[PDB]
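Protein chains in written order, with the deposited numbering: chain B, 4 to 152, 166 to 388; chain A, 3 to 150, 165 to 388.
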Amino acid sequence: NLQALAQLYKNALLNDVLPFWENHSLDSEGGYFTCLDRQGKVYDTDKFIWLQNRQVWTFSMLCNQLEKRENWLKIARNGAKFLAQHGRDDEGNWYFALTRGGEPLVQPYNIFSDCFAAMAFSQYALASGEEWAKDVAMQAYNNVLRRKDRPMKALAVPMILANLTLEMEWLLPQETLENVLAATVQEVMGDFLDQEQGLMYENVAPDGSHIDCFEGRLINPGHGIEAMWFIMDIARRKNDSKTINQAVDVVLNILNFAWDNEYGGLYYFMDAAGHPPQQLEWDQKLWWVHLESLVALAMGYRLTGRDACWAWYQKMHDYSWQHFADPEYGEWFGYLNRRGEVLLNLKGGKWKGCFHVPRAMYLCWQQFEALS
Amino acid sequence: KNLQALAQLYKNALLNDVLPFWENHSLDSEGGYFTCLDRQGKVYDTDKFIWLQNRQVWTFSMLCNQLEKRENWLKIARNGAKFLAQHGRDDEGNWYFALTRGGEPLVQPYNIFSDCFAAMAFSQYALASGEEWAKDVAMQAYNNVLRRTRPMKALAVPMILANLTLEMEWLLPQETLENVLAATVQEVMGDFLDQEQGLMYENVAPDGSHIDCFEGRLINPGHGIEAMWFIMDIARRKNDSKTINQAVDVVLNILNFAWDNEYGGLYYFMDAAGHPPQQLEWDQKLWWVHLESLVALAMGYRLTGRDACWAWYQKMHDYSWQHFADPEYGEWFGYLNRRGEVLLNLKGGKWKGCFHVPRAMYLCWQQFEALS
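Written as structure tokens, this is what we have:
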């Protein structure tokens with residue numbers, strides 16, 4: 004039942020996932036090891052700043068939404084201090100990666116680093132009340148605003177902008193949040209949502225038209241589904257049932273479009289015209305694609321009571337828990353092949369850190385509490 | 003023990019029984035709240051008892067801040083906060099004890115506790131809502147308090177001062193809260209606790225010694241138990257296990273001292289020397305006396321694992337739920353006679369409102385989640 008599900012997710016988050024990160028990822032030199040094998044052993048000491056920020060964000064957000072636990076604060080704080088010290092170039096632009104000790108590894112700038120930093124330090128500042136953390140958050144927020152702007169645009173862009181503003185909420189005027197979240201619904205549901213197939217496109221022209229190219233044909237089922245629960249969550253703010261049901265409709269379309277009938281699971285990438293994708297990893301089964309689907313379906317069912325969501329929720333649940341969860345060692349595998357066999361013996365790496373798993377466990381716990 | 007069923011019991015009681023009761027029966031379209039509610043929640047008196055008006059703004063605001071910022075709770079708190087800001091203060095800015103339904107003042111000797119509860123309520127409301135006007139009310143009330165043969169002092173005073181500063185936390189320097197909490201522990205555990213007997217006195221001399229008079233012989237079992245959980249909660253902040261354990265010792269002492277072996281339940285007042293109390297209500301069984309004991313025991317066991325806290329918890333639980341709980345109509349009776357028979361057929365009045373019940377349900381829910 005619903006209550007048992009709330010309990011499963013609560014326990015997984017608090018007794019399995021967060022202890023895994025506390026027990027295995029804390030670097031005494033500052034920040035965190037994300038490159039952890041199945042057992043939690045470090046296989047690489049590099050500091051991938053996106054993930055370093057996500058982990059400060061995770062622990063801080065939990066202090067803010069649940070309880071200001073002493074261990075969660077210390078975990079977030081030691082990540083926050085290390086990053087404040089080493090994360091930025093002299094003009095305050097955020098790096099992508101550092102060496103374990105904090106030396107910058109050089110590669111093209113990407114405004115996404117500043118976004119995650121703003122989100123992380125905003126939440127840590129809120130959690131701890133430290134002004135220095137607040138200053139770092141505003142600097143990074145301002146960095147994004149002074150830089151963010166076959167022409168084409170990516171779905172990731174309005175999503176991170178909406179995420180940024182929402183995580184910055186306690187620091188910004190009510191009107192800013194309002195404008196941005198209303199602009200986000202319009203653009204995500206108007207330009208990126210394809211009325212033809214009822215699917216979310218990753219990349220469109222500025223006017224929302226399609227471009228027939230690798231980028232313009234690309235579907236990332238999980239990314240679209242993640243965007244839809246975000247839209248659900250915005251819409252729920254003004255009780256906008258039209259938009260909530262519309263996002264739910266899109267979630268069901270993607271699931272039906274992207275589910276692998278032979279082996280179970282959603283494909284990582286697909287091509288909207290049926291052409292050969294450019295991505296060699298297109299047919300893989302990735303932890304976050306399935307976790308964000310569990311959030312979207314739980315939320316959709318909580319918010320609408322539509323049984324279709326509950327039916328798909330149970331189908332997704334059984335597949336995901338059976339294939340990704342690794343309770344004997346803690347946490348979830350990230351990377352399975354199409355047949356659902358472990359592709360990489362890791363619990364974290366360059367792209368998997370303390371983020372999609374704990375956020376999804378928390379969110380599903382909260383959806384099943386309300387349902388229950 | 004099933005700790006999880008008990009977490010579920012209190013979660014459910016708060017969210018599905020107690021808050022709906024106050025939402026369904028107490029909201030005055032003219033502003034503020036009706037606390038004078040009979041068994042079924044019907045209004046029997048429209049007067050506005052300011053301590054309870056403020057505690058209800060506080061309860062809904064605290065829940066917004068601790069649990070989830072819900073639109074209905076925010077609204078409930080706002081419409082009480084607006085009424086009180088307009089009507090609750092005299093021309094010097096001092097808070098009243100009671101108003102008529104429409105907000106006209108009722109004449110009575112001023113009490114500094116009035117301002118204390120205003121500060122607490124508006125601080126939490128200002129936090130929940132982000133409204134600057136509500137913050138100004140909080141600062142004034144708080145500032146009002148700070149500017150104010166047989167000498168004797170009451171246990172209520174250090175208790176209310178400590179509560180005032182804690183509820184005001186986000187508005188004050190860290191250091192002021194640390195100083196007050198340290199002074200509270202010293203005073204409660206040092207002066208009001210009788211070391212020899214291991215019991216809390218209601219009134220002592222300024223130098224901590226006893227006075228042989230009605231006031232000086234007075235024990236209010238539930239009040240001392242309420243002070244003891246406050247002390248556990250202060251001590252936990254610094255992991256001061258010695259002090260948490262001392263407070264548990266005192267809770268156990270009071271229970272053994274004040275339990276009615278003939279009828280169950282804790283007496284309302286007792287005389288330390290065995291003389292006839294001046295209170296005609298001494299042998300009565302009051303809701304808050306027992307709810308605060310459930311909190312203290314749940315909390316003591318959660319913080320210390322002290323087996324005797326569990327054993328007493330069961331005994332207090334069975335007594336309290338079987339005598340005060342009224343699930344047919346919602347909420348809990350306040351007032352039983354010694355035999356545990358309902359004495360007044362009310363769910364609220366001049367002294368019972370939206371405070372001890374919802375706070376205790378919230379607090380016990382939290383203790384049992386952690387234990388589970």
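Here a beta-carbon is modelled for each residue, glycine too, at the ideal position from N, C-alpha and C.
First through last residue of the beta strand (DSSP E) which encompasses residue i
| i | result |
| --- | --- |
| residue 45 of chain A | 45-47 |
Helix, strand or coil at residue i according to DSSP, with G and I counted as helix
| i | result |
| --- | --- |
| residue 98 of chain B | coil |
| residue 258 of chain A | helix |
| residue 245 of chain B | helix |
| residue 219 of chain B | strand |
| residue 1 of chain A | Since the displayed chain A opens at 3 and closes at 388, residue 1 of chain A lies outside it and no answer follows. |
| residue 298 of chain A | coil |
| residue 121 of chain B | helix |
| residue 326 of chain B | helix |
| residue 40 of chain A | strand |
| residue 77 of chain B | helix |
| residue 210 of chain A | strand |
| residue 367 of chain B | coil |
| residue 171 of chain B | coil |
| residue 279 of chain B | coil |
| residue 72 of chain B | coil |
| residue 393 of chain B | No information on residue 393 of chain B is available, as it lies outside the stretch 4 to 388 that chain B covers here. |
| residue 84 of chain A | helix |
| residue 184 of chain B | coil |
Exposure of residue i, with buried meaning 16 or more beta-carbon neighbours within 10 Å
| i | result |
| --- | --- |
| residue 374 of chain A | buried |
| residue 258 of chain B | exposed |
| residue 234 of chain B | buried |
| residue 284 of chain A | buried |
| residue 46 of chain A | exposed |
| residue 249 of chain A | buried |
| residue 4 of chain B | exposed |
| residue 19 of chain B | buried |
| residue 52 of chain B | buried |
| residue 26 of chain A | exposed |
| residue 264 of chain B | buried |
Chain-order list of residues whose beta-carbon lies under 6 Å from that of residue i (same chain, five-residue window excluded)
| i | result |
| --- | --- |
| residue 34 of chain B | 50, 55, 82 and 85 |
| residue 240 of chain A | 216 and 270 |
| residue 97 of chain B | 90, 91, 116, 117 and 120 |
| residue 318 of chain B | 383, 386 and 387 |
| residue 128 of chain B | 136, 137 and 140 |
| residue 59 of chain B | 79, 82, 83, 123 and 127 |
Bridge partners - residue i, DSSP secondary structure assignment
| i | result |
| --- | --- |
| residue 51 of chain A | A:100 |
| residue 286 of chain A | A:235 |
| residue 348 of chain B | B:341 |
| residue 358 of chain A | A:352 |
| residue 65 of chain A | DSSP output for residue 65 of chain A lists no bridge partner at all. |
| residue 152 of chain A | In the model shown, chain A runs from 150 to 165 with nothing in between, leaving residue 152 of chain A without coordinates. |
| residue 271 of chain A | Paired residues: none, contrary to the question. |
| residue 161 of chain A | The model of chain A omits the segment between 150 and 165, and residue 161 of chain A is among the residues lacking coordinates. |
| residue 108 of chain A | A:100 |
| residue 91 of chain A | A:97 |
First through last residue of the alpha helix (DSSP H) which encompasses residue i
| i | result |
| --- | --- |
| residue 15 of chain B | No alpha helix (DSSP H) holds residue 15 of chain B; DSSP gives it neither H nor E. |
| residue 227 of chain A | Here residue 227 of chain A belongs to no alpha helix (DSSP H), and DSSP marks it neither H nor E. |
| residue 114 of chain B | No alpha helix (DSSP H) holds residue 114 of chain B; DSSP gives it neither H nor E. |
| residue 384 of chain A | 372-387 |
| residue 137 of chain A | 134-148 |
| residue 363 of chain A | That residue, residue 363 of chain A, is in no alpha helix (DSSP H); it is neither H nor E in DSSP. |
| residue 315 of chain B | 303-320 |
| residue 165 of chain A | No alpha helix (DSSP H) contains residue 165 of chain A, which DSSP labels as neither H nor E. |
| residue 203 of chain B | 190-203 |
| residue 21 of chain A | 21-27 |
Beta-carbon proximity list for residue i, same chain, < 8 Å, skipping 5 on both sides
| i | result |
| --- | --- |
| residue 353 of chain B | 299, 300, 301 and 359 |
| residue 167 of chain B | 221 and 222 |
| residue 362 of chain A | 38, 39, 40, 41, 46, 349, 350, 351 and 368 |
| residue 22 of chain B | 346 |
Same chain, Cβ closer than 7 Å to residue i, five either side skipped, listed in chain order
| i | result |
| --- | --- |
| residue 42 of chain A | 345 |
| residue 355 of chain B | 279 |
| residue 366 of chain A | 51 |
| residue 9 of chain B | 381, 384, 385 and 388 |
| residue 207 of chain B | 220 and 224 |
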